[PDB]
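In the block that follows, a single chain appears as structure tokens, in the form deposited in one PDB entry.
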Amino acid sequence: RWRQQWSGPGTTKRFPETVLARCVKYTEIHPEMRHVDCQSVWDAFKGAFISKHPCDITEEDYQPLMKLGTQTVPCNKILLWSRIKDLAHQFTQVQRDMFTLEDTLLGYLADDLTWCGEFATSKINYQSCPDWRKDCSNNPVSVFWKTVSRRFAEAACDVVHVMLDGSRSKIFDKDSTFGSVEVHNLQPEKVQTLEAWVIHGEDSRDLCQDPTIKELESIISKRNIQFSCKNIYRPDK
């Protein structure tokens, strides 16, 4: 390998223009967030990773951006999800009431983008960016999602819902973002119940009996939060 050769795709083409345009469009769907200066938002985003080594990013790097993208969503209307992105977002696009992280400004900005800096320059690396597994874990994208997913989980309250893919071999994966960051940052003072919606892909079983679901229950119970689980048998309906 050569210096700064990473295994992952490079920064999304036209990433600066895309983030700015997404901030502009979000400010229009959500009159609550028109107080946001989108050029300031982008500057803070760029400042989090530019000129920094893309294997050495910190949560504090994103703190200016978290401040400018601070957004109050009803803490009792949070939808977490794991490995069922399409249905989770179609669900909140109908409800319009419930919020996934991608329905917040910061999640919307970053959704499906990749980015990283060419260290020791002020330039964006369009050639490759670190892969979390093969290259390094503290890369600009992974650190961003770890930090905003933790803050999203920390803000939830009352009954927190999580949509899970029942057609998977690991319905609950302790190593996912949900299993490794979000579930452990639910605050028992604010959160009374974690309710899992296990979406079936035809499986007549009670997937709340699945061993990974029982594993999730044990994690939740040890945090002094109650657990609830429901089968959703016909995702269509």
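Note that residue numbering follows the sequence shown and begins at 1. Definition used throughout: the rigid core is the maximal C-alpha set that superposes within 1.5 Å between two forms.
What comes next is about the form deposited in another entry, which does not appear here.
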For this session: Compare C-alpha positions between this form and the one not shown after fitting on the rigid core and state which of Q71, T92, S128, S142 moves by at least 2 angstroms.
Result: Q71
Exercise. After a core superposition, would you say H53 shifts its C-alpha by at least 2 Å between this form and the one not shown?
Worked result: no
Exercise. Does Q39 count as moved between this form and the one not shown, where moved means a C-alpha shift of 2 angstroms or more after fitting the rigid core?
Worked result: no
